[PDB]
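S.K.: Provided herewith is a single structure, encoded as structure tokens, for subsequent inquiry.
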Protein chains: 2
Amino acid sequence: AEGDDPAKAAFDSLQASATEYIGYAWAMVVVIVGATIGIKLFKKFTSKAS
Amino acid sequence: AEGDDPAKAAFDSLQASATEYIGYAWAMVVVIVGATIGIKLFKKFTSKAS
């Protein structure tokens, strides 16, 4: 009871932190995927010309 | 007979006392083991993340 309470809260904190890192992962991939959509679009143009 | 009776009772008393100390040992270890279960649990989380 008493010992594990501070630990439980510590875990809540760690989990939230984990959520922040995760948000950043989502954004990073946002950039990578933005890149893939645009470049793939250039190839699309190549096709229109062809 | 007569001499050893007071001694027998004294021994009963001592044995009971011994039982009290023993109860405390059980509790102490209760705390130590509680600690080991929780901390080992933290390591478990490390594994989940890994």
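Simple scheme: letters A, B, ... for chains in structure tokens order, numbers from 1 for residues in each chain, numbers from 1 for ligands in the order shown.
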Within 9 Å of range 5-13 of chain A, counting only C-alpha atoms, which residues qualify if same-chain residues fewer than 4 places away don't, as a PDB file with N, CA and C atoms, in the first residue's frame?
M.R.:
ATOM      1  N   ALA A   1       0.819  -1.230   0.000  1.00  0.00           N
ATOM      2  CA  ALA A   1       0.000   0.000   0.000  1.00  0.00           C
ATOM      3  C   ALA A   1       0.846   1.271   0.000  1.00  0.00           C
ATOM      4  N   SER A  17       5.408  11.045 -20.039  1.00  0.00           N
ATOM      5  CA  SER A  17       6.654  11.419 -20.734  1.00  0.00           C
ATOM      6  C   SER A  17       6.756  10.656 -22.035  1.00  0.00           C
ATOM      7  N   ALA A  18       6.392   9.409 -21.868  1.00  0.00           N
ATOM      8  CA  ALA A  18       6.417   8.487 -22.976  1.00  0.00           C
ATOM      9  C   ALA A  18       5.470   9.018 -24.046  1.00  0.00           C
TER      10      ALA A  18
ATOM     11  N   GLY B  38       7.896  -4.863  -5.906  1.00  0.00           N
ATOM     12  CA  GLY B  38       7.639  -3.600  -6.629  1.00  0.00           C
ATOM     13  C   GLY B  38       8.789  -3.212  -7.560  1.00  0.00           C
ATOM     14  N   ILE B  39      10.006  -3.275  -7.037  1.00  0.00           N
ATOM     15  CA  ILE B  39      11.207  -2.884  -7.821  1.00  0.00           C
ATOM     16  C   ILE B  39      11.409  -3.819  -9.014  1.00  0.00           C
ATOM     17  N   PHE B  42       9.278  -2.757 -11.684  1.00  0.00           N
ATOM     18  CA  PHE B  42       9.845  -1.629 -12.491  1.00  0.00           C
ATOM     19  C   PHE B  42      10.713  -2.162 -13.634  1.00  0.00           C
TER      20      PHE B  42
END
S.K.: How would chain B read as a short mmCIF file (atom, residue, chain, number, x, y, z; two decimals) with N, CA, C and O atoms, in the first residue's frame once least-squares superposed on chain A using all paired C-alpha atoms?
M.R.:
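Result went into out_19.cif, see below:
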data_model
loop_
_atom_site.label_atom_id
_atom_site.label_comp_id
_atom_site.auth_asym_id
_atom_site.auth_seq_id
_atom_site.Cartn_x
_atom_site.Cartn_y
_atom_site.Cartn_z
N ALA B 1 0.82 -1.23 0.00
CA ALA B 1 0.00 0.00 0.00
C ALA B 1 0.85 1.27 0.00
O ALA B 1 1.07 1.93 -1.02
N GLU B 2 1.34 1.59 1.19
CA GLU B 2 2.08 2.83 1.44
C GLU B 2 3.32 2.97 0.54
O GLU B 2 3.59 4.05 0.01
N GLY B 3 4.08 1.90 0.38
CA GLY B 3 5.34 1.94 -0.40
C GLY B 3 5.11 2.08 -1.90
O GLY B 3 5.75 2.87 -2.60
N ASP B 4 4.19 1.27 -2.38
CA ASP B 4 3.87 1.30 -3.80
C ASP B 4 3.14 2.58 -4.23
O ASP B 4 3.17 2.88 -5.42
N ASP B 5 2.47 3.37 -3.38
CA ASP B 5 1.81 4.65 -3.89
C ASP B 5 2.75 5.64 -4.63
O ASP B 5 2.49 6.11 -5.75
N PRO B 6 3.91 6.01 -4.07
CA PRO B 6 4.88 6.94 -4.72
C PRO B 6 5.38 6.38 -6.05
O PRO B 6 5.63 7.12 -7.00
N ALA B 7 5.48 5.06 -6.04
CA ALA B 7 5.89 4.31 -7.22
C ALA B 7 4.82 4.39 -8.31
O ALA B 7 5.16 4.53 -9.49
N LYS B 8 3.56 4.28 -7.91
CA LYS B 8 2.44 4.34 -8.87
C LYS B 8 2.42 5.69 -9.58
O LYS B 8 2.22 5.77 -10.80
N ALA B 9 2.62 6.73 -8.80
CA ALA B 9 2.63 8.11 -9.33
C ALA B 9 3.82 8.33 -10.26
O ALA B 9 3.72 8.99 -11.30
N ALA B 10 4.94 7.76 -9.85
CA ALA B 10 6.18 7.89 -10.63
C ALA B 10 5.96 7.28 -12.01
O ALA B 10 6.42 7.83 -13.02
N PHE B 11 5.26 6.17 -11.98
CA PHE B 11 4.90 5.45 -13.20
C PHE B 11 3.95 6.27 -14.06
O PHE B 11 4.04 6.24 -15.29
N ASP B 12 3.03 6.99 -13.43
CA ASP B 12 2.09 7.86 -14.19
C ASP B 12 2.88 8.93 -14.95
O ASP B 12 2.59 9.25 -16.11
N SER B 13 3.88 9.46 -14.26
CA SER B 13 4.75 10.52 -14.81
C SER B 13 5.55 10.00 -16.00
O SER B 13 5.67 10.66 -17.03
N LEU B 14 6.07 8.81 -15.82
CA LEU B 14 6.88 8.18 -16.85
C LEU B 14 6.04 7.91 -18.09
O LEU B 14 6.53 8.07 -19.21
N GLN B 15 4.81 7.51 -17.84
CA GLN B 15 3.90 7.17 -18.95
C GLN B 15 3.57 8.43 -19.76
O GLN B 15 3.53 8.40 -20.99
N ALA B 16 3.35 9.52 -19.05
CA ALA B 16 3.04 10.79 -19.74
C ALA B 16 4.22 11.23 -20.60
O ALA B 16 4.07 11.71 -21.72
N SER B 17 5.41 11.05 -20.04
CA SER B 17 6.65 11.42 -20.73
C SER B 17 6.76 10.66 -22.03
O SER B 17 7.13 11.18 -23.09
N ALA B 18 6.39 9.41 -21.87
CA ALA B 18 6.42 8.49 -22.98
C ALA B 18 5.47 9.02 -24.05
O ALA B 18 5.77 8.89 -25.23
N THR B 19 4.38 9.61 -23.61
CA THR B 19 3.38 10.16 -24.53
C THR B 19 3.97 11.33 -25.33
O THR B 19 3.63 11.52 -26.50
N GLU B 20 4.82 12.11 -24.69
CA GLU B 20 5.46 13.26 -25.37
C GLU B 20 6.38 12.80 -26.50
O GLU B 20 6.34 13.27 -27.64
N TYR B 21 7.23 11.84 -26.14
CA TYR B 21 8.19 11.29 -27.10
C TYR B 21 7.44 10.74 -28.28
O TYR B 21 7.79 10.94 -29.43
N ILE B 22 6.36 10.10 -27.97
CA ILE B 22 5.50 9.49 -28.98
C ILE B 22 4.93 10.56 -29.93
O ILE B 22 4.88 10.37 -31.15
N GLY B 23 4.54 11.71 -29.39
CA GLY B 23 3.99 12.80 -30.23
C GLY B 23 5.02 13.25 -31.27
O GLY B 23 4.74 13.50 -32.44
N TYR B 24 6.25 13.34 -30.78
CA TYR B 24 7.40 13.70 -31.62
C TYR B 24 7.65 12.67 -32.72
O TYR B 24 8.05 13.00 -33.83
N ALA B 25 7.42 11.41 -32.40
CA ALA B 25 7.62 10.35 -33.40
C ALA B 25 6.64 10.56 -34.54
O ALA B 25 7.00 10.48 -35.72
N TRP B 26 5.40 10.85 -34.14
CA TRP B 26 4.28 11.07 -35.07
C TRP B 26 4.65 12.23 -36.02
O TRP B 26 4.48 12.15 -37.24
N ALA B 27 5.22 13.29 -35.46
CA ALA B 27 5.60 14.48 -36.27
C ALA B 27 6.74 14.18 -37.23
O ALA B 27 6.78 14.65 -38.37
N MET B 28 7.68 13.40 -36.75
CA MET B 28 8.89 13.11 -37.54
C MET B 28 8.49 12.40 -38.82
O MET B 28 8.91 12.71 -39.94
N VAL B 29 7.65 11.43 -38.57
CA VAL B 29 7.11 10.63 -39.64
C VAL B 29 6.23 11.55 -40.50
O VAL B 29 6.06 11.29 -41.69
N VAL B 30 5.67 12.59 -39.92
CA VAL B 30 4.86 13.54 -40.71
C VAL B 30 5.70 14.19 -41.81
O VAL B 30 5.23 14.39 -42.94
N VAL B 31 6.91 14.51 -41.43
CA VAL B 31 7.86 15.13 -42.37
C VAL B 31 8.29 14.13 -43.44
O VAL B 31 8.35 14.46 -44.63
N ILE B 32 8.59 12.91 -43.00
CA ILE B 32 9.11 11.86 -43.90
C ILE B 32 8.07 11.50 -44.95
O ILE B 32 8.37 11.34 -46.14
N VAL B 33 6.86 11.37 -44.47
CA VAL B 33 5.74 11.04 -45.33
C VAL B 33 5.39 12.23 -46.22
O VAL B 33 4.97 12.02 -47.36
N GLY B 34 5.55 13.44 -45.73
CA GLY B 34 5.25 14.60 -46.58
C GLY B 34 6.17 14.56 -47.80
O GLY B 34 5.77 14.81 -48.95
N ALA B 35 7.40 14.19 -47.48
CA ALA B 35 8.46 14.05 -48.48
C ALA B 35 8.09 12.98 -49.50
O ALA B 35 8.25 13.17 -50.71
N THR B 36 7.58 11.87 -49.00
CA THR B 36 7.25 10.78 -49.91
C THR B 36 6.08 11.15 -50.81
O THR B 36 6.04 10.76 -51.98
N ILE B 37 5.14 11.89 -50.28
CA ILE B 37 3.97 12.28 -51.09
C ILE B 37 4.36 13.22 -52.23
O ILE B 37 3.91 13.06 -53.37
N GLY B 38 5.21 14.19 -51.91
CA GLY B 38 5.65 15.18 -52.91
C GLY B 38 6.52 14.57 -54.00
O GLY B 38 6.32 14.80 -55.20
N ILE B 39 7.50 13.78 -53.59
CA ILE B 39 8.45 13.16 -54.55
C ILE B 39 7.73 12.18 -55.48
O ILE B 39 7.93 12.11 -56.69
N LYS B 40 6.85 11.42 -54.85
CA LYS B 40 6.03 10.48 -55.61
C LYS B 40 5.17 11.25 -56.61
O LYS B 40 4.90 10.78 -57.72
N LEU B 41 4.79 12.45 -56.21
CA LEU B 41 4.06 13.37 -57.10
C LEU B 41 4.89 13.77 -58.33
O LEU B 41 4.37 13.87 -59.44
N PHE B 42 6.19 14.02 -58.13
CA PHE B 42 7.13 14.35 -59.25
C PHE B 42 7.16 13.23 -60.29
O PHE B 42 7.12 13.43 -61.51
N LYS B 43 7.23 12.01 -59.76
CA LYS B 43 7.21 10.79 -60.62
C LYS B 43 5.90 10.74 -61.41
O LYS B 43 5.85 10.37 -62.59
N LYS B 44 4.84 11.16 -60.73
CA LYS B 44 3.49 11.23 -61.34
C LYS B 44 3.50 12.14 -62.57
O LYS B 44 2.94 11.82 -63.62
N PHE B 45 4.17 13.28 -62.41
CA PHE B 45 4.33 14.24 -63.51
C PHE B 45 5.10 13.61 -64.67
O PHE B 45 4.78 13.84 -65.84
N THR B 46 6.11 12.81 -64.33
CA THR B 46 6.95 12.13 -65.34
C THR B 46 6.06 11.27 -66.23
O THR B 46 6.24 11.19 -67.45
N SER B 47 5.10 10.66 -65.56
CA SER B 47 4.12 9.81 -66.21
C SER B 47 3.21 10.61 -67.14
O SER B 47 2.88 10.17 -68.24
N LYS B 48 2.82 11.78 -66.68
CA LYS B 48 1.91 12.60 -67.50
C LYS B 48 2.61 13.00 -68.80
O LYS B 48 2.00 13.00 -69.87
N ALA B 49 3.89 13.31 -68.67
CA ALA B 49 4.72 13.69 -69.82
C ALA B 49 4.90 12.51 -70.78
O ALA B 49 4.88 12.68 -72.00
N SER B 50 5.08 11.32 -70.20
CA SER B 50 5.27 10.06 -70.95
C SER B 50 4.02 9.62 -71.71
O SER B 50 4.03 9.48 -72.93
#
